[PDB]
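Notes to accompany the following structure.
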Amino acid sequence: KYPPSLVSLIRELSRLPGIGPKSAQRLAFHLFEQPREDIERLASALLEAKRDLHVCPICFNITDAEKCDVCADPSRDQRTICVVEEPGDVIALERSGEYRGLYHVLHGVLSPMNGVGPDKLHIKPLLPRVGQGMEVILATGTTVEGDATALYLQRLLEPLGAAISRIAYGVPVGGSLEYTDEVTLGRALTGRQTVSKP
Amino acid sequence: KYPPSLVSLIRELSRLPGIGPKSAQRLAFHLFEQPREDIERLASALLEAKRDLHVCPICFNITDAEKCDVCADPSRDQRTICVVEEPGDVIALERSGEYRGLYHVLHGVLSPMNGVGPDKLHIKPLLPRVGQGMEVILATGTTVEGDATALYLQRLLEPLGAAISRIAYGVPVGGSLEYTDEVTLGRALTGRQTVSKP
Amino acid sequence: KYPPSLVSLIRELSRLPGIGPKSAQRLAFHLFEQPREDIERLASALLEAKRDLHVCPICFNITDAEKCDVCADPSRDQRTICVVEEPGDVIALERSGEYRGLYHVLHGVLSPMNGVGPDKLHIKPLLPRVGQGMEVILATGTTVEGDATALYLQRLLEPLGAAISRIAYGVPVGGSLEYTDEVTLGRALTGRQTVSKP
Amino acid sequence: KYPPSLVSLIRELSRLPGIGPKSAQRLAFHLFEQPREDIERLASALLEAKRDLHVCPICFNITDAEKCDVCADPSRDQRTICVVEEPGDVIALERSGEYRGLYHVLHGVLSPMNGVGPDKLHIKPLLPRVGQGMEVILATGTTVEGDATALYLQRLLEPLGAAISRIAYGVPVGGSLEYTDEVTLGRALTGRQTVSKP
Amino acid sequence: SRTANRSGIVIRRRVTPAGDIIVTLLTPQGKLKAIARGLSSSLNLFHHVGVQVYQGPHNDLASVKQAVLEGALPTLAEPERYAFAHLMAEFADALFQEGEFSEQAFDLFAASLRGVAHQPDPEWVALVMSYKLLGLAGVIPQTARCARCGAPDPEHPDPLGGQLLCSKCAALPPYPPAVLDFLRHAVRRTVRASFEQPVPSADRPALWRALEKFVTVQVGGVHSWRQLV
Amino acid sequence: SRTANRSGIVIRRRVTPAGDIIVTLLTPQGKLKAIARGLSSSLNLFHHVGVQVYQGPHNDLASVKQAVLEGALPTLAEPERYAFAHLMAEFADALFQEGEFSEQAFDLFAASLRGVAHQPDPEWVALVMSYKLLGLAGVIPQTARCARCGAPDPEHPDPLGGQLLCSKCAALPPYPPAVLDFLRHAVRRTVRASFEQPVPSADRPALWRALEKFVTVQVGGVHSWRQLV
Ligand SMILES: [Zn+2]
Ligand SMILES: [Zn+2]
Ligand SMILES: [Zn+2]
Ligand SMILES: [Zn+2]
Ligand SMILES: [Zn+2]
Ligand SMILES: [Zn+2]
């Protein structure tokens, strides 16, 4: 590799997740075939974003305003807060067409191992948002990390007068028990819902 | 070269699921390197099983007796019936270490390329097994097929006096929301379990 | 449940290459749905083959006779011997519609987890088959194993008066340089064929 | 999706090859977690490149100078020209450690179907570069496109006094005949190299 | 390139003995078989899905490298409604011989699935969409002239060819006017227009039967979607 | 994340009946089994390779989604030299019990393969690197004291434990000084330093034998790499 500009692009691109050396090069030689209007629009989009994009002060969902669109929106159920690990989960639980409440983003998951505690995550700004006649849905992951963060959150929010809930551990949609993990099945079972009471 | 013998083995092995032409050949040339005691034990084992194995008359779980080991076993909770699509699910829900009840096997999934219907599936022999003070757990798949079969079963079993339940649609064990399907999340959410009331 | 019969089939099927536990079970429950005429024909076919099939005494290609069909066949070019690692390669190079010579099967690839060596491979019975006015095409793999076996074979056969050749290292058919390994390209290049002299 | 900045990034990223909607979002939420020094360096790298990067006037290999590093370099065999479809092939055939000659980049492949002819590809600027006592290695793909472009190039370059060669069609390194395409094998065979002449 | 991004609807799924998932997709550029070795089990029937497929060395079967869930219909988990996409999916797959197949056929197929998902009468949707699909396949029943002698405006069933016979060629009584009207104009007029003019459930079996006879006589195959009716 | 990029050397390959490619890799973060369903057949022995692996729901076997060819050694296609990476790869895999394994062990292993690739005496490289690897595994032969009674500076073979016995505990004659010197200082001193001081091919079998005895007595396993000697 010689032209430093190409060596420079491969590097920066390869610094991105899900894109190795071989794929970065594959990518640099595609950018070469493109017309300058796009490269600029890609660059600008990146920058516009890096500048315009900031974390919401209330919940910490990503936006470019004073409050996130969720916080602003008045038709949104102002009584339920869905705590989540990452802003991407907000989209996931949003494009899920079954939740119109408020969200809250701990920008990560707890992990005692790496001294990462409820001070490296936006857990503080959540407390004041929680009151009575409200529900706090805990939608953190299901790794020992998500499981741990949630139980920590449960403990913390307890003293405030809200209903705390955790999303359902269970078999995913479109699967058969045979290929479902053991611990999942045991949870899908113990957490079984009654569809009819005699 | 044309030994109907090698050509014949490749065919029959390849007539098997999960095993394409390339893999069948790979398999025939491995059987060649094997001693005779094994080939016989593979062939006898085959013949055999086909003989000793038949469907259970009560539930239709696979066995070689009058009643399946589940039906026979007296320590098994005689009051819960877990309806399933395939005998393999019985193993899956058995090696799951959380269920000691009775099973029932509709041999398939409602409708696939044609009307497998409640007459092409062992739905009839189930009705008489269902009584009051009993529970019918619906553990059919989660495809539109499993979802449909279950609701059909629910309707049918309703008039009998048993509690009907469906396994929990939900996130699988060992996953993070980011890679979880949208419809799953919405179900894991709406089906959330309360871990603590205030 | 514990029928050594189902548990026994899963095991033996799973003792087969390319077929894991989950797939073995998937397979046992399919054999269950099958009639008896087939199971028998699968078992007999097995027993059988194991019986009729043995290694050819001349070349060691698989057969059920005194000589392999290749050795027998009189229309086959009796002057070229294609050395190969496995009997499956004979089919591959046979269904290739471009070779009517004789084959020779070293049963494996030089060294894998231990010294398969020229005494663990049918290299001896090849020497006497090689004479002058003959060609020995080396069609062993291209792993360091195939590469090594071939060079060993080249050395060995040298003293006999035959032309020794190796198959062409090169780009595979239906590919573009972009997705072709580096070492392949360098070989496809250094081994370039002249399509026209000036 | 609401913040137009996020919707805008997903779009532009998703406009890139090998990166679908789901992956673009995955990517936007990763860029969010990053410190501004990188976003800028990515943006700049893109732009620097879009500005500094141009096609070489001699051969059309990508660079930022008057002549490509290959053209400039004096230790490079000035007598061999390797015609290629894309600048990425130059890297591939460069990181191949077996070629120190000059390259030439038709920025594509011929295709009679789409009126794409030797006027949409840098075929003209090649002619003047070809003289006698020189070799033109045709390293275009092996699709009907690469095969066709090459034969066209062969025809064209013929009248000039150079040796024309095509890279070797053949089995790729690290494969066994069994999984090698039929047409490849037939080429690896007809194009066999003699390793020893009696 | 040579991985590609494709979007479409899952019309069939296999879970093999090995544990793979082979799926057929109907796509705007439609006709796609692919396999996802082994997470990506949101590739369930009737899910609209985006996939990254690598074809590779002419393998007869492309392979999945990422799958999205672009749009599902949970309503389709219901029994009566569900019984109208199988036939829809199995019908479409049989009807189109594999070259065939734009974007028009795909939009109509997707529409038929929203139809059977959200609409009170899934059977009527399935009937209308099936005959409508006959147009986009270029297999249109001749309805203007008796199938045997050519006489204009035949009113009677055609047991041998699925079309219509005149009273002289017919041995069976005339179709009811609602059935005739549908047969004559359904392929040509709007899907909206036909939803607005249902046919009594009593007269529908005659409509299904004509479709079956027509399609088995005109298109080759072992029309297994009839288990679908 | 939860796909990951990993780089390492292919030490084993299977091509299964199905047509998959299961490979074991030695990596700086080392110990990696993975499978590439079905293009990516540059995953051959001793190729240095970059891979994108998706683990997934605790599947015992990660899966390949892209493989690069970062660095090969075509020289290793030669017979004598080749006979010194199998033993190197098979030796390393046996020696390390699976928790174990930094980056030091990996650099040394990679070095051993360049060694057997480019150097006149591949056997000597393989000997030196094998004993050197014993250090990075924390299985160092005690050489200062007789293995039986403790006496300083033993010179004699130890048939039972691979170490050294004094003259009172020994039933066999003393090792030759070149062998003793190697045994005493090889694990500790530089690889460069040892390449500069070879041992006569005549005395090498004694060196191999001690390594075999030592390693089978100290590390569990069915040390199949001895077919490698
Ligand atoms: Zn907000
Ligand atoms: Zn039973
Ligand atoms: Zn023979
Ligand atoms: Zn240049
Ligand atoms: Zn008529
Ligand atoms: Zn002693």
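Simple scheme: letters A, B, ... for chains in structure tokens order, numbers from 1 for residues in each chain, numbers from 1 for ligands in the order shown.
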
Ligand 4: which residues are within 10 Å, counting only C-alpha atoms and all ligand atoms? Reply as a compact mmCIF listing (two decimals) with N, CA, C and O atoms, in the first residue's frame.
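So part18.txt came out as:
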```txt
# COMPACT_ATOMS: atom_id res chain seq x y z
N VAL D 55 -7.13 9.55 -10.47
CA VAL D 55 -6.61 8.46 -11.27
C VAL D 55 -5.28 8.85 -11.91
O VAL D 55 -5.11 9.99 -12.33
N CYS D 56 -4.34 7.92 -11.98
CA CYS D 56 -3.03 8.18 -12.60
C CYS D 56 -3.23 8.41 -14.09
O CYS D 56 -4.01 7.71 -14.74
N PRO D 57 -2.53 9.39 -14.67
CA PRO D 57 -2.66 9.68 -16.09
C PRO D 57 -2.09 8.60 -17.02
O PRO D 57 -2.62 8.36 -18.10
N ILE D 58 -1.00 7.96 -16.59
CA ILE D 58 -0.34 6.91 -17.37
C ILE D 58 -1.18 5.64 -17.30
O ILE D 58 -1.90 5.30 -18.24
N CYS D 59 -1.04 4.92 -16.19
CA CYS D 59 -1.84 3.74 -15.93
C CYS D 59 -2.91 4.47 -15.15
O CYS D 59 -2.70 5.62 -14.79
N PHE D 60 -4.04 3.85 -14.87
CA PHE D 60 -5.04 4.59 -14.11
C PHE D 60 -5.23 4.06 -12.70
O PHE D 60 -6.34 3.93 -12.19
N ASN D 61 -4.09 3.76 -12.07
CA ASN D 61 -4.06 3.27 -10.71
C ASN D 61 -4.26 4.49 -9.81
O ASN D 61 -3.79 5.58 -10.12
N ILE D 62 -4.96 4.32 -8.69
CA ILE D 62 -5.22 5.45 -7.81
C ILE D 62 -4.01 6.04 -7.08
O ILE D 62 -3.18 5.31 -6.53
N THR D 63 -3.92 7.37 -7.09
CA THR D 63 -2.84 8.08 -6.39
C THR D 63 -3.22 9.52 -6.08
O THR D 63 -4.36 9.93 -6.29
N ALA D 65 -0.52 11.93 -6.78
CA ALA D 65 0.60 12.63 -7.42
C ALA D 65 0.46 12.84 -8.93
O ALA D 65 -0.63 12.82 -9.48
N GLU D 66 1.60 13.07 -9.59
CA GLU D 66 1.63 13.27 -11.04
C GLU D 66 1.55 11.89 -11.67
O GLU D 66 0.81 11.67 -12.63
N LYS D 67 2.33 10.95 -11.12
CA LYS D 67 2.33 9.57 -11.59
C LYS D 67 2.10 8.68 -10.37
O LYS D 67 2.44 9.07 -9.25
N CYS D 68 1.53 7.50 -10.59
CA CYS D 68 1.29 6.58 -9.49
C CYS D 68 2.64 6.11 -8.93
O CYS D 68 3.65 6.17 -9.63
N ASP D 69 2.66 5.64 -7.69
CA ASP D 69 3.91 5.16 -7.09
C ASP D 69 4.55 4.04 -7.91
O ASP D 69 5.77 3.86 -7.90
N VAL D 70 3.73 3.28 -8.62
CA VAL D 70 4.22 2.20 -9.45
C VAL D 70 4.94 2.78 -10.66
O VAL D 70 6.04 2.35 -11.01
N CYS D 71 4.30 3.76 -11.29
CA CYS D 71 4.88 4.40 -12.46
C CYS D 71 6.20 5.07 -12.06
O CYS D 71 7.22 4.91 -12.73
N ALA D 72 6.18 5.80 -10.95
CA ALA D 72 7.38 6.50 -10.47
C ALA D 72 8.53 5.54 -10.16
O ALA D 72 9.59 5.62 -10.78
N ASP D 73 8.30 4.66 -9.20
CA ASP D 73 9.30 3.68 -8.78
C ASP D 73 10.16 3.20 -9.96
O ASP D 73 9.65 2.67 -10.95
N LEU D 102 4.65 -3.11 -14.16
CA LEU D 102 3.74 -1.98 -14.22
C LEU D 102 2.31 -2.49 -14.31
O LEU D 102 2.08 -3.61 -14.75
N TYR D 103 1.35 -1.69 -13.87
CA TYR D 103 -0.05 -2.10 -13.96
C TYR D 103 -0.80 -1.16 -14.91
O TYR D 103 -0.29 -0.13 -15.29
N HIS D 104 -2.01 -1.55 -15.29
CA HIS D 104 -2.88 -0.71 -16.11
C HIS D 104 -4.31 -1.01 -15.66
O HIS D 104 -4.70 -2.17 -15.56
N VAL D 105 -5.09 0.03 -15.39
CA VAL D 105 -6.44 -0.19 -14.91
C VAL D 105 -7.60 0.25 -15.80
O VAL D 105 -7.89 1.44 -15.94
```

Problem - 12 Å contact set for residue 125 (chain F), only C-alpha atoms, chain neighbours under 2 positions out, as number ranges by chain - result: F: 81, 83-85, 87-88, 108-109, 111-123, 127-133, 186, 191-199, 204

Practice task
Report as a PyMOL selection string which protein, DNA and RNA residues come within 9 Å of ligand 6, using only C-alpha atoms and all ligand atoms.
Solution key: chain F and resi 145-152+154+164-170

Handout entry: All residues 10 Å or closer to residue 31 (chain A), only C-alpha atoms, same chain fewer than 2 positions away omitted, as a ChimeraX atom specification
Key = /A:9,25-29,33-36,38-39 /D:16-17,46,49-50

Exercise for the section: Take CA of residue 148 (chain B) and CA of residue 77 (chain E) and report the distance between them in Å, one decimal. Expected result: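 Straight-line distance from CA of residue 148 (chain B) to CA of residue 77 (chain E) works out to 5.1 Å.
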
Handout entry: Near-residue 185 (chain E) list (10 Å; only C-alpha atoms; drop same-chain fewer than 5 positions) as a list in words
Key =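 These residues fall inside the cut-off: residues 143, 180, 190 and 194 of chain E.
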
Emit the selected residues as a PDB file, in the first residue's frame, including C-alpha atoms.
```pdb
ATOM      1  CA  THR E 143     -64.525 -15.776 -20.789  1.00  0.00           C
ATOM      2  CA  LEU E 180     -70.597 -15.235 -13.732  1.00  0.00           C
ATOM      3  CA  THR E 190     -59.643  -3.259  -9.210  1.00  0.00           C
ATOM      4  CA  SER E 194     -63.917  -6.573  -5.893  1.00  0.00           C
TER       5      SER E 194
END
```
